[PDB]
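All remarks here apply to the structure that follows.
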Amino acid sequence: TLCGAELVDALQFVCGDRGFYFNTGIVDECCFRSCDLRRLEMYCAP
Amino acid sequence: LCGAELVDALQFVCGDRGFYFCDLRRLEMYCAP
Amino acid sequence: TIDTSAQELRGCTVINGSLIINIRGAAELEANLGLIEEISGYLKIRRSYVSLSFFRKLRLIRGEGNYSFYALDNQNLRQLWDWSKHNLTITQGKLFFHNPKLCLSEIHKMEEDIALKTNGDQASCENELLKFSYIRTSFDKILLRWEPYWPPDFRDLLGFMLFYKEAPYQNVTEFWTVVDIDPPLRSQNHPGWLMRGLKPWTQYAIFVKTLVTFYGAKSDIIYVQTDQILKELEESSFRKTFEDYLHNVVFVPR
Amino acid sequence: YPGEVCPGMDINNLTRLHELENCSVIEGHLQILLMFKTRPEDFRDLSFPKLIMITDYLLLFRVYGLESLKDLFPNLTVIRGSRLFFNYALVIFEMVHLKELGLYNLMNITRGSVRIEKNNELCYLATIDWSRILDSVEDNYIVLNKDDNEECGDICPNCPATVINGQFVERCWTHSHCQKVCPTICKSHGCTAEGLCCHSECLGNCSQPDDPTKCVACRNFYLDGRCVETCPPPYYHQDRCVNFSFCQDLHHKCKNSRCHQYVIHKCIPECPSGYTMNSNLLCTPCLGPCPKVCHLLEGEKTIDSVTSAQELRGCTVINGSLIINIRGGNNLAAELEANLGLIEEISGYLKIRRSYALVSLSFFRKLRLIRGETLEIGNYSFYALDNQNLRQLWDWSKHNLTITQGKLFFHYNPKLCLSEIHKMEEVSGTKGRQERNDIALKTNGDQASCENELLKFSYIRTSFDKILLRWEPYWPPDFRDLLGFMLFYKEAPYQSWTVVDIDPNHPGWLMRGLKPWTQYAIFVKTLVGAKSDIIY
């Protein structure tokens, strides 16, 4: 369970340098519940 | 915690760590390990 | 029935009349309404705008739709009799509870037609505990520390409330000098607090509880020896909702 | 307006920035965020003086390497604010290593507010006058900054100071520039270098006085580099106006593929209610009731800000939920009425969550009835969870509403009394359907005082030693439900809260304590409530 600014920080651990996508919510799936790396993988740009 | 009691207020926070130069968050790191 | 009536009794051990007391707004009533042991009649609890500590012992209630324990709506009834040494032997009578701040523990420990949803609408009693660690005492001030409790939502906890009061004897009830401590930063330094000058060689009772939004934990009472919130809650909820909306808008899944 | 018009793009790296070096007006929202692998050394090389106008808002979120906005938007003057980002027009969240705000050219904001949060390195908002830029003042949200956490320097660069709270306080934007001061006569047209007022048709600073054709912003409408209130009929109104050719080109660029079809009414992307489209482009009158149905994605939709209900103007029938959950002290009593004013039919349950600022529901003027096709658990059509501050629900004197579906929920309403709920039930006719509703008789009306009675008051002449006065003991109209009377007396201030209970011929009351040439306020309240008058 990751919430707040650190929730964004973990994203920097995942994407690293791939950026973010250009175009319910992330909070309801990662902050309100339990999510893994696979769940939030695609959030970074390919 | 103003003027004179700073020394003996800090002395009982980090222990042997004396000094580094009005809660504890401003007191734990205000001394030299 | 006071807002006097119970003052004329004072030294009475047997009560042959019903209780229709309506005291509303503990130490002041302890002197007079503190020598009651046996009650033979009907007991009713009216509006009490903190705790029912008037009956110190209440060893036996004779009693005699056959209701002996009636509790109406209250605005300041948060706790009840201390369920560690007090004993109740009510034989003839029933149970009827209205008490919105009455926590569920006072109902579950009763075994030592009543509505469940209405009772305990806002039960502000914590279930977990925080054991004290790194206890150091000095001649003038005492510094205490406790383990950090992190809810699933770190923004829910608004800080810490610390209670302290002089108590020469080891019998203290929550029923003051509450001090607010800001929440720490997530990383791991253990939270703690240093107190001001205190009377030497005096026993002190200390316990710390946490405040969270719509959970939490409170520490047990420990003994040591020397030698307007609605606006803030609304602002915190608004900030949390804004942060959640910003995170949802910025972060889009594939 | 030298330059093209940027359609609007969202900004990882600095490669996608050259689109901002040519266009002068962005027809959308500018969003620069998620810039992590950047350094301040490579940032002081690009400048965009062409950007003077922002259509919707400016959002900044975790832009590493940014130090000041002076080299980014030197000529940022006005913002239309047609579309807001959570009822805000300038959001600065989680700023990283910022020092001061470089928007020294900002003069006024048409719509929206400014919020800056999580600024642990920047503290310069104390010397900024947020009064001549945006009309709203209490809607601002300035917390979690370095201003209240550290006593950083607040040095200033000759401009006159501004007084809003105390003595003369200097106002400045950066270290080398300060806020521009305009005379009181220049209410909204700005002031030139010499301070002389210009024509009231150009927003911000004007190059020359009385020169509507020489300015960098148009107050009402822009046409051929000129500021006009209304363009000629050949030109049709995004709030500038363009000719019929632009609208035709936009319409042709939507039918081919992909949509927000553009029509003529003006050039709004949707005809108003009661009109139909035919193959000229004007919104022709419609035959037979045709509602403006606005389908809601995912079904239930929550509203938390102005932008949440922004895409609801002109909607007649909504195929989804309309749960309202707005937090904070900002009372959006005007934006909600403007947006949720044309709503007439709702095909779902109406839910009201915890909303401190929802003092009343006086915005559903056209709401005729609420359907229950998409209900919720418990067969509830009207759900109320917690209304901390709700002293009124509806004006049933002129507004008629009916409910033909399941029960309703009304709990935790300290400021709402039982009289309003009973009136709502009687008007809707639910009580006539013989159904088990959900109304709380304890948590509702406790903090609310709805006497709905005008008792008489027979006042007898008082005395210096004590005050003697009697009141009419109005008996209850059903049996004897009277429990006594409560009397309050604190003071009689210019044009605590102790109470006394009297058991239920006029009973009267006597009090002790009188002072020369003093007035006392005495009133009584019955319990089943009643009131007679407030006197001093």
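Ligands are numbered from 1 in the order shown, residues from 1 within each chain, and chains are lettered A, B, ... in the order they appear in the structure tokens.
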
If we count only C-alpha atoms, which residues of chain A reach to within 8 Å of chain D? Please list them as a list in words.
-> residues 17, 19, 20 and 22 of chain A

Same residues, N, CA, C and O atoms, saved as a PDB file, in the first residue's frame:
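Result went into part38.pdb, see below:
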ATOM      1  N   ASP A  17      13.810   5.778 -16.774  1.00  0.00           N
ATOM      2  CA  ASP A  17      14.049   6.724 -17.854  1.00  0.00           C
ATOM      3  C   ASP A  17      13.085   6.569 -19.022  1.00  0.00           C
ATOM      4  O   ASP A  17      13.278   7.232 -20.047  1.00  0.00           O
ATOM      5  N   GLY A  19       9.967   7.479 -19.150  1.00  0.00           N
ATOM      6  CA  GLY A  19       8.957   8.513 -19.185  1.00  0.00           C
ATOM      7  C   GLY A  19       7.604   8.025 -18.702  1.00  0.00           C
ATOM      8  O   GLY A  19       7.475   7.033 -17.978  1.00  0.00           O
ATOM      9  N   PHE A  20       6.571   8.754 -19.119  1.00  0.00           N
ATOM     10  CA  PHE A  20       5.198   8.456 -18.741  1.00  0.00           C
ATOM     11  C   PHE A  20       4.299   8.539 -19.967  1.00  0.00           C
ATOM     12  O   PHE A  20       4.622   9.201 -20.957  1.00  0.00           O
ATOM     13  N   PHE A  22       1.372   9.533 -22.498  1.00  0.00           N
ATOM     14  CA  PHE A  22       0.808  10.831 -22.853  1.00  0.00           C
ATOM     15  C   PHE A  22      -0.689  10.879 -22.567  1.00  0.00           C
ATOM     16  O   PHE A  22      -1.156  11.706 -21.776  1.00  0.00           O
TER      17      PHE A  22
END

Discussion item. Please list as a VMD selection string every residue within 10 Å of residue 416 (chain D), counting only C-alpha atoms and excluding residues in the same chain fewer than 6 positions away.
Written reply: chain D and resid 387 to 393 410 443 to 450

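For chain C, the residues no farther than 6 Å from chain A when using only C-alpha atoms are residues 248, 253 and 254 of chain C.
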
Mind writing the picked residues with N, CA and C atoms as a short mmCIF file (atom, residue, chain, number, x, y, z; two decimals), in the first residue's frame?
data_model
loop_
_atom_site.label_atom_id
_atom_site.label_comp_id
_atom_site.auth_asym_id
_atom_site.auth_seq_id
_atom_site.Cartn_x
_atom_site.Cartn_y
_atom_site.Cartn_z
N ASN C 248 -4.95 10.75 -10.02
CA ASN C 248 -5.76 10.05 -11.01
C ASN C 248 -5.66 10.72 -12.38
N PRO C 253 -3.54 4.70 -17.02
CA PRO C 253 -3.05 3.38 -17.42
C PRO C 253 -3.20 3.15 -18.92
N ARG C 254 -2.39 2.23 -19.42
CA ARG C 254 -2.39 1.88 -20.84
C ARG C 254 -3.66 1.12 -21.22
#

| said: With only C-alpha atoms as the counted atoms, please give the residues lying no more than 10 Å from residue 6 (chain C), apart from itself and same-chain residues fewer than 2 positions off, as a PyMOL selection string. | reply: chain C and resi 1-2+4+8-10+19+21+29+32-33

Please produce an output containing N, CA and C atoms for each residue in the selection, written as a PDB file, in the first residue's frame.
ATOM      1  N   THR C   1     -32.320  14.876  41.005  1.00  0.00           N
ATOM      2  CA  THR C   1     -32.783  15.854  40.027  1.00  0.00           C
ATOM      3  C   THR C   1     -32.201  17.233  40.317  1.00  0.00           C
ATOM      4  N   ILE C   2     -31.006  17.490  39.787  1.00  0.00           N
ATOM      5  CA  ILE C   2     -30.312  18.757  39.971  1.00  0.00           C
ATOM      6  C   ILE C   2     -29.909  19.295  38.604  1.00  0.00           C
ATOM      7  N   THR C   4     -28.171  19.640  45.066  1.00  0.00           N
ATOM      8  CA  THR C   4     -29.263  20.219  45.840  1.00  0.00           C
ATOM      9  C   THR C   4     -30.261  19.146  46.264  1.00  0.00           C
ATOM     10  N   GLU C   8     -29.332  16.625  50.174  1.00  0.00           N
ATOM     11  CA  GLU C   8     -29.947  16.387  51.476  1.00  0.00           C
ATOM     12  C   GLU C   8     -29.751  14.949  51.941  1.00  0.00           C
ATOM     13  N   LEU C   9     -29.475  14.029  51.016  1.00  0.00           N
ATOM     14  CA  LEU C   9     -29.262  12.636  51.393  1.00  0.00           C
ATOM     15  C   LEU C   9     -27.899  12.446  52.051  1.00  0.00           C
ATOM     16  N   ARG C  10     -26.827  12.740  51.312  1.00  0.00           N
ATOM     17  CA  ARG C  10     -25.458  12.644  51.810  1.00  0.00           C
ATOM     18  C   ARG C  10     -25.160  11.265  52.385  1.00  0.00           C
ATOM     19  N   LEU C  19     -34.699   7.048  40.961  1.00  0.00           N
ATOM     20  CA  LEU C  19     -33.684   8.024  40.586  1.00  0.00           C
ATOM     21  C   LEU C  19     -34.119   8.714  39.299  1.00  0.00           C
ATOM     22  N   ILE C  21     -32.593  11.687  38.448  1.00  0.00           N
ATOM     23  CA  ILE C  21     -31.542  12.699  38.388  1.00  0.00           C
ATOM     24  C   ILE C  21     -31.358  13.171  36.951  1.00  0.00           C
ATOM     25  N   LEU C  29     -19.528  16.588  42.285  1.00  0.00           N
ATOM     26  CA  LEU C  29     -20.548  15.658  42.747  1.00  0.00           C
ATOM     27  C   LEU C  29     -19.979  14.448  43.474  1.00  0.00           C
ATOM     28  N   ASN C  32     -20.704  14.596  47.527  1.00  0.00           N
ATOM     29  CA  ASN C  32     -22.040  14.273  48.017  1.00  0.00           C
ATOM     30  C   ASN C  32     -22.551  12.964  47.426  1.00  0.00           C
ATOM     31  N   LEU C  33     -22.546  12.853  46.097  1.00  0.00           N
ATOM     32  CA  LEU C  33     -23.029  11.656  45.411  1.00  0.00           C
ATOM     33  C   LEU C  33     -21.857  10.694  45.233  1.00  0.00           C
TER      34      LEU C  33
END

At a cut-off of 12 Å, can you tabulate as a Markdown table every residue of region 197-253 of chain C near region 98-122 of chain D together with its closest atom pair and the distance in Å to one decimal, using only C-alpha atoms and ordering rows by chain then number?
| residue | atom | partner | partner_atom | distance |
| --- | --- | --- | --- | --- |
| C:239 | CA | D:117 | CA | 9.6 |
| C:242 | CA | D:117 | CA | 10.9 |
| C:243 | CA | D:117 | CA | 10.2 |

| field | Contact residues (chain D, partner chain C, 8 Å, only C-alpha atoms) as a PyMOL selection string | value | chain D and resi 86+326-329+356+501

Keeping only C-alpha atoms, write the selected residues to a file as a PDB file, in the first residue's frame.
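Result file part_39.pdb:
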ATOM      1  CA  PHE D  86     -10.263  21.488  -9.850  1.00  0.00           C
ATOM      2  CA  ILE D 326     -17.211  18.773  -2.303  1.00  0.00           C
ATOM      3  CA  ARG D 327     -14.821  19.449   0.581  1.00  0.00           C
ATOM      4  CA  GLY D 328     -13.167  22.588   1.901  1.00  0.00           C
ATOM      5  CA  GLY D 329     -14.490  25.996   2.857  1.00  0.00           C
ATOM      6  CA  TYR D 356     -19.228  21.511   4.537  1.00  0.00           C
ATOM      7  CA  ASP D 501     -34.629  24.978  32.862  1.00  0.00           C
TER       8      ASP D 501
END

Contacts of region 8-13 of chain B within 12 Å, only C-alpha atoms, excl. fewer than 4 positions in-chain, as an MDAnalysis selection string:
(chainID B and resid 1:4 17:20 23:32) or (chainID C and resid 134 136:145 192:197)

Going by DSSP on the backbone, which bits of region 356-451 of chain D are strand (DSSP E)? Write them as JSON, numbers by chain, please.
{"D": [369, 370, 371, 380, 381, 382, 383, 384, 402, 403, 407, 408, 409, 410, 438, 439]}

Store the residues picked out above, limited to N, CA, C and O atoms, as a CSV table (one decimal), in the first residue's frame.
chain,number,residue,atom,x,y,z
D,369,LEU,N,-38.5,16.1,-11.4
D,369,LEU,CA,-38.7,14.9,-10.7
D,369,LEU,C,-37.4,14.1,-10.8
D,369,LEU,O,-36.6,14.3,-11.8
D,370,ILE,N,-37.2,13.1,-9.9
D,370,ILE,CA,-36.0,12.3,-10.0
D,370,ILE,C,-36.4,10.9,-10.1
D,370,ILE,O,-37.2,10.3,-9.4
D,371,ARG,N,-35.9,10.2,-11.2
D,371,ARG,CA,-36.2,8.8,-11.5
D,371,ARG,C,-35.3,7.9,-10.6
D,371,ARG,O,-34.4,8.3,-10.0
D,380,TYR,N,-32.6,2.9,-1.9
D,380,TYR,CA,-32.7,4.3,-1.5
D,380,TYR,C,-32.5,5.1,-2.8
D,380,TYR,O,-31.6,4.9,-3.6
D,381,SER,N,-33.4,6.1,-3.0
D,381,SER,CA,-33.4,7.0,-4.1
D,381,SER,C,-32.8,8.4,-3.7
D,381,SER,O,-32.3,9.1,-4.6
D,382,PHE,N,-32.9,8.8,-2.4
D,382,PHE,CA,-32.3,10.0,-2.0
D,382,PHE,C,-31.4,9.7,-0.7
D,382,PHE,O,-32.0,9.4,0.3
D,383,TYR,N,-30.1,9.7,-0.9
D,383,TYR,CA,-29.2,9.3,0.2
D,383,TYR,C,-28.5,10.6,0.7
D,383,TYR,O,-28.0,11.4,-0.1
D,384,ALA,N,-28.4,10.7,2.0
D,384,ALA,CA,-27.7,11.8,2.7
D,384,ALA,C,-26.9,11.2,3.8
D,384,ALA,O,-27.4,10.6,4.8
D,402,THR,N,-41.7,15.7,-7.1
D,402,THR,CA,-42.4,14.4,-6.8
D,402,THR,C,-41.4,13.3,-7.0
D,402,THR,O,-40.5,13.3,-7.8
D,403,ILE,N,-41.6,12.3,-6.1
D,403,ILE,CA,-40.8,11.1,-6.1
D,403,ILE,C,-41.7,9.9,-6.3
D,403,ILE,O,-42.7,9.7,-5.5
D,407,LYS,N,-37.5,4.2,-1.1
D,407,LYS,CA,-37.4,5.0,0.1
D,407,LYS,C,-36.2,6.0,-0.1
D,407,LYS,O,-35.5,6.0,-1.1
D,408,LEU,N,-36.0,6.9,0.9
D,408,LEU,CA,-35.0,7.8,0.9
D,408,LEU,C,-34.2,7.8,2.2
D,408,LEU,O,-34.7,7.3,3.3
D,409,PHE,N,-32.9,8.2,2.2
D,409,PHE,CA,-32.1,8.2,3.4
D,409,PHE,C,-31.8,9.6,3.8
D,409,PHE,O,-31.4,10.4,3.0
D,410,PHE,N,-31.9,9.9,5.1
D,410,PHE,CA,-31.6,11.2,5.7
D,410,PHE,C,-31.1,11.0,7.1
D,410,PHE,O,-31.9,10.9,8.1
D,438,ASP,N,-36.3,6.4,5.8
D,438,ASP,CA,-35.2,6.4,6.7
D,438,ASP,C,-34.9,7.8,7.1
D,438,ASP,O,-34.2,8.5,6.4
D,439,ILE,N,-35.5,8.2,8.2
D,439,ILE,CA,-35.3,9.6,8.8
D,439,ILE,C,-34.8,9.4,10.3
D,439,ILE,O,-35.5,8.7,11.0

Quick one: everything within 12 Å of residue 105 (chain C), counting only C-alpha atoms, minus sequence neighbours fewer than 6 positions away in the same chain. Send it as a PDB file with C-alpha atoms, in the first residue's frame.
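Result file is result-v6.pdb:
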ATOM      1  CA  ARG C  78     -17.919   8.710  26.787  1.00  0.00           C
ATOM      2  CA  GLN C  79     -17.046   6.020  29.351  1.00  0.00           C
ATOM      3  CA  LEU C  80     -18.619   3.997  32.170  1.00  0.00           C
ATOM      4  CA  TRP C  81     -17.672   2.197  35.391  1.00  0.00           C
ATOM      5  CA  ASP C  82     -14.127   0.843  35.552  1.00  0.00           C
ATOM      6  CA  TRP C  83     -14.497  -2.851  34.666  1.00  0.00           C
ATOM      7  CA  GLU C 111     -21.071 -10.017  30.675  1.00  0.00           C
ATOM      8  CA  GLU C 112     -18.330  -9.588  33.320  1.00  0.00           C
ATOM      9  CA  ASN C 119     -25.531   2.755  20.190  1.00  0.00           C
ATOM     10  CA  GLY C 120     -21.899   3.681  19.579  1.00  0.00           C
ATOM     11  CA  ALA C 123     -16.945   4.933  19.013  1.00  0.00           C
ATOM     12  CA  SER C 124     -13.636   6.773  19.492  1.00  0.00           C
ATOM     13  CA  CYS C 125     -11.911   3.890  21.277  1.00  0.00           C
ATOM     14  CA  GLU C 126      -8.673   2.470  19.891  1.00  0.00           C
ATOM     15  CA  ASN C 127      -8.009  -1.271  19.658  1.00  0.00           C
TER      16      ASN C 127
END

I want to know what sits within 12 Å of residue 172 (chain C), based on only C-alpha atoms, with residues of the same chain fewer than 2 positions away left out; could you give that as a compact mmCIF listing (two decimals) with C-alpha atoms, in the first residue's frame?
# COMPACT_ATOMS: atom_id res chain seq x y z
CA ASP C 82 -14.13 0.84 35.55
CA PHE C 163 -1.86 13.10 28.35
CA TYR C 164 -0.15 13.70 31.69
CA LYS C 165 -1.35 14.50 35.20
CA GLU C 166 0.02 14.14 38.72
CA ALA C 167 -1.19 10.98 40.47
CA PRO C 168 0.35 9.97 43.81
CA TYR C 169 -1.59 6.67 43.69
CA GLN C 170 -1.70 4.07 40.92
CA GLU C 174 -9.26 8.41 31.34
CA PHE C 175 -12.63 9.88 32.42
CA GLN C 203 4.59 9.89 40.47
CA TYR C 204 3.26 10.66 36.99
CA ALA C 205 0.76 8.79 34.81
CA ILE C 206 1.41 9.10 31.07
CA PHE C 207 -0.43 7.66 28.07
CA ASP C 220 -1.59 1.98 27.94
CA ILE C 221 -1.32 4.10 31.08
CA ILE C 222 2.26 3.99 32.37
CA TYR C 223 3.58 5.15 35.74

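Scanning region 221-315 of chain D with DSSP on the backbone, the alpha helix (DSSP H) assignments fall on residues 244, 245, 246, 247, 248, 249, 250, 251, 252, 253, 254, 255, 306, 307, 308, 309 and 310 of chain D.
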
Since we have the selection now, will you write its residues out, keeping N, CA, C and O atoms, as an mmCIF file, in the first residue's frame?
data_model
loop_
_atom_site.group_PDB
_atom_site.id
_atom_site.type_symbol
_atom_site.label_atom_id
_atom_site.label_comp_id
_atom_site.auth_asym_id
_atom_site.auth_seq_id
_atom_site.Cartn_x
_atom_site.Cartn_y
_atom_site.Cartn_z
ATOM 1 N N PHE D 244 -17.407 32.196 -40.774
ATOM 2 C CA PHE D 244 -18.087 30.935 -41.053
ATOM 3 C C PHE D 244 -17.149 29.916 -41.688
ATOM 4 O O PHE D 244 -17.383 28.706 -41.575
ATOM 5 N N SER D 245 -16.094 30.380 -42.361
ATOM 6 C CA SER D 245 -15.158 29.459 -43.000
ATOM 7 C C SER D 245 -14.443 28.591 -41.972
ATOM 8 O O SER D 245 -14.253 27.389 -42.188
ATOM 9 N N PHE D 246 -14.034 29.185 -40.848
ATOM 10 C CA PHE D 246 -13.342 28.423 -39.811
ATOM 11 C C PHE D 246 -14.264 27.362 -39.221
ATOM 12 O O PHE D 246 -13.856 26.212 -39.011
ATOM 13 N N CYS D 247 -15.520 27.729 -38.955
ATOM 14 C CA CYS D 247 -16.476 26.766 -38.418
ATOM 15 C C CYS D 247 -16.752 25.646 -39.415
ATOM 16 O O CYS D 247 -16.856 24.476 -39.031
ATOM 17 N N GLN D 248 -16.877 25.986 -40.701
ATOM 18 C CA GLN D 248 -17.093 24.963 -41.718
ATOM 19 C C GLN D 248 -15.901 24.018 -41.813
ATOM 20 O O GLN D 248 -16.074 22.801 -41.951
ATOM 21 N N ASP D 249 -14.683 24.561 -41.745
ATOM 22 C CA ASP D 249 -13.491 23.719 -41.782
ATOM 23 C C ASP D 249 -13.423 22.804 -40.566
ATOM 24 O O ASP D 249 -13.050 21.631 -40.685
ATOM 25 N N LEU D 250 -13.772 23.325 -39.387
ATOM 26 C CA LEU D 250 -13.784 22.493 -38.187
ATOM 27 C C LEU D 250 -14.829 21.389 -38.292
ATOM 28 O O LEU D 250 -14.581 20.246 -37.889
ATOM 29 N N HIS D 251 -16.010 21.713 -38.826
ATOM 30 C CA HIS D 251 -17.053 20.706 -38.991
ATOM 31 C C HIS D 251 -16.633 19.631 -39.986
ATOM 32 O O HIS D 251 -16.892 18.442 -39.772
ATOM 33 N N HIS D 252 -15.985 20.033 -41.083
ATOM 34 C CA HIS D 252 -15.553 19.063 -42.084
ATOM 35 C C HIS D 252 -14.438 18.167 -41.559
ATOM 36 O O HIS D 252 -14.287 17.032 -42.026
ATOM 37 N N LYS D 253 -13.654 18.650 -40.598
ATOM 38 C CA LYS D 253 -12.560 17.881 -40.021
ATOM 39 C C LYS D 253 -13.015 16.938 -38.912
ATOM 40 O O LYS D 253 -12.169 16.422 -38.174
ATOM 41 N N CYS D 254 -14.319 16.703 -38.778
ATOM 42 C CA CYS D 254 -14.835 15.828 -37.733
ATOM 43 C C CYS D 254 -15.721 14.739 -38.328
ATOM 44 O O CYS D 254 -15.809 13.635 -37.783
ATOM 45 N N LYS D 255 -16.382 15.041 -39.446
ATOM 46 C CA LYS D 255 -17.245 14.057 -40.087
ATOM 47 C C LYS D 255 -16.454 13.007 -40.858
ATOM 48 O O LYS D 255 -16.923 11.873 -41.006
ATOM 49 N N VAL D 306 -15.511 22.363 -9.635
ATOM 50 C CA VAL D 306 -16.189 23.043 -10.735
ATOM 51 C C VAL D 306 -15.991 22.289 -12.042
ATOM 52 O O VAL D 306 -16.938 22.117 -12.820
ATOM 53 N N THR D 307 -14.767 21.822 -12.308
ATOM 54 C CA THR D 307 -14.494 21.103 -13.547
ATOM 55 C C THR D 307 -15.250 19.783 -13.636
ATOM 56 O O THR D 307 -15.499 19.302 -14.746
ATOM 57 N N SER D 308 -15.617 19.187 -12.500
ATOM 58 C CA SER D 308 -16.416 17.970 -12.506
ATOM 59 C C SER D 308 -17.809 18.188 -13.078
ATOM 60 O O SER D 308 -18.298 17.346 -13.840
ATOM 61 N N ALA D 309 -18.458 19.301 -12.728
ATOM 62 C CA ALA D 309 -19.774 19.613 -13.267
ATOM 63 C C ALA D 309 -19.709 20.542 -14.471
ATOM 64 O O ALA D 309 -20.761 20.950 -14.978
ATOM 65 N N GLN D 310 -18.505 20.893 -14.930
ATOM 66 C CA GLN D 310 -18.377 21.785 -16.078
ATOM 67 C C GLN D 310 -18.982 21.167 -17.334
ATOM 68 O O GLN D 310 -19.652 21.860 -18.111
#
